[PDB]
Every structure is written in C-alpha cells, then in structure tokens.
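Structural description and commentary
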Amino acid sequence: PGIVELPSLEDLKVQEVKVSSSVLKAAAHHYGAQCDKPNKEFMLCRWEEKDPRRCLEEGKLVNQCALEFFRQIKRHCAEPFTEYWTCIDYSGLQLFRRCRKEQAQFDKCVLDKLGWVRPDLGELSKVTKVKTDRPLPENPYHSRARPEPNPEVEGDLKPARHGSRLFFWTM
Amino acid sequence: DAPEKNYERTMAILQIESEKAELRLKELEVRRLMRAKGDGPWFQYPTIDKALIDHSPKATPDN
Ligand SMILES: CCCCCCCCCCCCCCCCCC(=O)OC[C@H](COP(=O)([O-])OC[C@H](O)COP(=O)([O-])OC[C@H](COC(=O)CCCCCCCCCCCCCCCCC)OC(=O)CCCCCCCCCCCCCCCCC)OC(=O)CCCCCCCCCCCCCCCCC
C-alpha cells in the first residue's frame, strides 16, 4: 500500500503539564470551568477528524491553556491549592469526600482572588456546542465508492408462460 | 375430427411446446449466468444488514 505519514518531533514539542494526577484531580472542576473552549474545540476536532495527526495544534492549545490555568493558580493561591492536593494525594482512591475543608479553602481563595465559581453537580457532563472555523470532514473514514446495488423488481406480475414447464405438466 | 381440426390443433400444440422448450433452455442459461455473476434476483445469499451499525459517538474517538 502506501507510506503512513507521521509528523516530525518538532511538531510534537509542547511544554508539558508536569504535575501529578492528584494535582490535576484537585483543580479539575475549575479546570473544566475555565478551560472549556480550547478543550472542547480539541475534543470536537478529535471525534470529527478521527485522526490525532489532524488534532495536534488544537491539542497544543489545550496544553497552552492548561499551563496558563496553573500559572494563574500559582500566582495567587499556591498554598491553599497545595494544602488541598496534598490531602487528595494521601488517599489511595483519591477521595474528594475526605478533603472537603481543604476544598473549601481552595474554593474560597479562588472565588476571592480569581472570581471562579466551581461547577455544580451535573454541569461538566453536559453536551455543549462548539463554534469552530475548520470545515466538516466530508469523508472521515476515507471510504471508497460503495458498490452499486442490484436492480430492484419492477413491472406488473404476469402468469407463468404455459405453467411450470416441468416435462409434461401443462400447468 | 376434420383434417383441418387435427392439423391446426397440431400446430397449436407445436407452438406451445416449442415455446416451452425455448423457455427451458433460457431458464438454464439464466440460472447459469445468475450463479456466475450474482447480479440477478436469484442466488442472492444474504450479507450483514448495515442498519445494525451503531453510528453514535463512541467512548474513544479513533474508530
Ligand atoms: C365456468 C366455470 C365452471 C366450469 C366447469 C367445467 C368442468 C365441469 C366438470 C367438473 C369436473 C372437472 C374434472 C377435472 C378437469 C378435467 C381433468 C382431466 O380430464 O384431465 C386430463 C388429463 C390430461 O389430459 P388433457 O387432454 O391434457 O387435458 C384435458 C383437460 O383440458 C384437462 O385440463 P388441463 O389441460 O388444464 O390439464 C391440466 C393438467 C393435465 O395433465 C398434464 O399436463 C399431465 C400430468 C398429469 C399427471 C401425470 C402423473 C403420472 C404418474 C401418476 C399416475 C397415477 C396412477 C394413475 C391413476 C390411478 C388411480 C388414482 O393436470 C395436471 O397436471 C394435474 C394432474 C392430473 C389431474 C386430473 C384430474 C383428476 C381428477 C379426478 C381424480 C381421479 C383419478 C384421475 C387420474 C389420476 C392420475 C392423473 O388426463 C390425465 O392426466 C389422465 C388422467 C385422467 C384425467 C382425470 C379425469 C377426471 C374425472 C375422472 C372421473 C372418473 C373417476 C373414476 C374413479 C377414480 C379413479 C379410480
């Protein structure tokens, strides 16, 4: 067949969000609140193109907007966030429910210094709409032309010409 | 019976039987070509209904 095209290693260099999973899980509700638009443009491009090579730049925007999400935490509320993700980080299942007062301190300092409202129960699971400028893929599966169907039956049904025509049976 | 009656009755019998014999040979040839090519209404062995395919957005994108 053909050669599969791959992007170069410079096309894959972006500054990584090099924080732990409890750090990501601690700020995840405010992350889904504040980093909505580039994340949803990326996941729309990712379910529509069905190809990650066509989804690099939007992904870079994700990694552009996540870092600016954490810098904006690090400039303002580094200590209550640190006290919060440490308590998230203790738990083996990483329970939100074991960590409600540290969550309250982090949410208080974030609403005071950044004005961010934490999403409620049922908001980040909504199907939202995304206004992009990229065109709709007319053939995301790269499917070739389908075979033409067999001709259907038409014409009025006539009797059998002289019956069964089986050796001597005249009907 | 008159010789006219037997004669013309014989011609009608011969018309019916010649038409039936030509139609039997055409039936053989039609079945041969429809088994060879599969483009007629016979020998249409079933395939999978494509209405069974779930075209919803799935859990992972790459599919
Ligand atoms: C206005 C609206 C109302 C109008 C009303 C008008 C009518 C009023 C009267 C009402 C009654 C109508 C009767 C039926 C129509 C006429 C049927 C007919 O004569 O067919 C001729 C038919 C062929 O002749 P034809 O010149 O081509 O057609 C003239 C008509 O146009 C015949 O028409 P066709 O050209 O369209 O024929 C079609 C085709 C013509 O046939 C063909 O093209 C050839 C294929 C025939 C079958 C061959 C099979 C051979 C191997 C098996 C042999 C079995 C053993 C033999 C019998 C042993 C005992 C059972 O038929 C078939 O293929 C079907 C099979 C044969 C059925 C015949 C009727 C049987 C009814 C009574 C059953 C009693 C036993 C009869 C004999 C059974 C064996 C057949 O003759 C035969 O096949 C030979 C058998 C004899 C005919 C049956 C006669 C029926 C009356 C019998 C009374 C006596 C009974 C005694 C006691 C019982 C026996 C022990």
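1. Topic: the overall build of chain B
Secondary structure summary: chain B contains 1 helix and 0 strands in total. Overall, the C-alpha framework of chain B stretches about 90 × 20 × 10 Å when taken along its three principal axes. Looking at chain B as a whole, 8% of its 63 residues qualify as buried. Looking at chain B as shown, the accessible area adds up to about 5,700 Å², and 61% of this sits on carbon and sulfur atoms. Looking at charge distribution, chain B has the averaged site of its 11 positive side-chain charges lying 3 Å from that of its 12 negative ones.

2. Examining the nonpolar core
Residue and element names in this part refer to chain A. In this structure, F69, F70, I73, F81, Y84 and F106 are the most contacted members of the largest nonpolar core, which totals 18 residues. The set of elements that each furnish at least two residues to this core consists of α1 (21–26), α4 (56–74), α5 (78–90) and α6 (100–113). With near-sequence residues (within four places) excluded, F106 lies in contact with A26, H30, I73, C77, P80, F81 and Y84.

3. A closer look at the site of the ligand
Residues and elements named next belong to chain A. Around the ligand, the structure places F168, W169, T170 and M171. Note that an oxygen atom of the ligand is positioned 3.1 Å from one of the backbone N or O atoms of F168. Contacts to the ligand include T170, whose side-chain N or O atom sits 3.0 Å from an oxygen atom. Starting from 1,700 Å² of accessible surface for the ligand in isolation, the protein chains cover 11%. Here the shell around the ligand is composed, by residue class, of 3 nonpolar, 1 polar and no charged.

4. Re the packing of helix α3 (residues 36–49) of chain A against α4 of chain A
Residue and element names in this part refer to chain A. For the pair α3 and α4, the least separation of the axes is 8 Å and the interaxial angle reads 155 degrees. Between α3 and α4, the crossing angle belongs to the class labelled roughly antiparallel. Here α3 runs over α4; the crossing is left-handed. In this structure, α3 contributes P38, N39, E41, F42 and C45 to the contact, and α4 contributes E58, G59, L61, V62 and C65. Of the residues that constitute the contact of α3 with α4, the class distribution is 6 nonpolar, 2 polar and 2 charged.

About the cut-offs
- Residues numbered from 1 in each chain as written, not as in the entry; some residues may be left out.
- Chains lettered and ligands numbered in written order.
- Part of a larger assembly, values for the part shown.
- Heavy atoms only, no water.
- Helix = DSSP H or I, 4+ residues; strand = E, 2+ residues; numbered from the N terminus.
- Buried < 20%, exposed > 50% of the residue type's maximum accessible area, 1.4 Å probe, protein only.
- Areas by Shrake-Rupley, 256 points an atom, 1.4 Å probe, with all protein chains shown as cover.
- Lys, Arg positive; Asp, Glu negative; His and termini not counted.
- Charge placed at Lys NZ, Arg CZ, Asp CG, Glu CD.
- Core = buried A, V, L, I, M, F, W, Y, C linked by side-chain atoms within 4.5 Å.
- Contact = heavy atoms within 4.5 Å.
- Near = heavy atom within 4 Å.
- Polar contact = N/O pair within 3.5 Å; in protein donor to acceptor, adjacent residues only side chain to side chain.
- Nonpolar A, V, L, I, M, F, W, Y, C, P; charged D, E, K, R; others polar.
- Axes fitted to C-alpha atoms, helices over the stretch in contact; angles between N-to-C directions.
- Parallel < 35°, antiparallel > 145°, perpendicular 65-115°, else oblique.
- Left-handed = near helix turned anticlockwise from the far one by under 90°.

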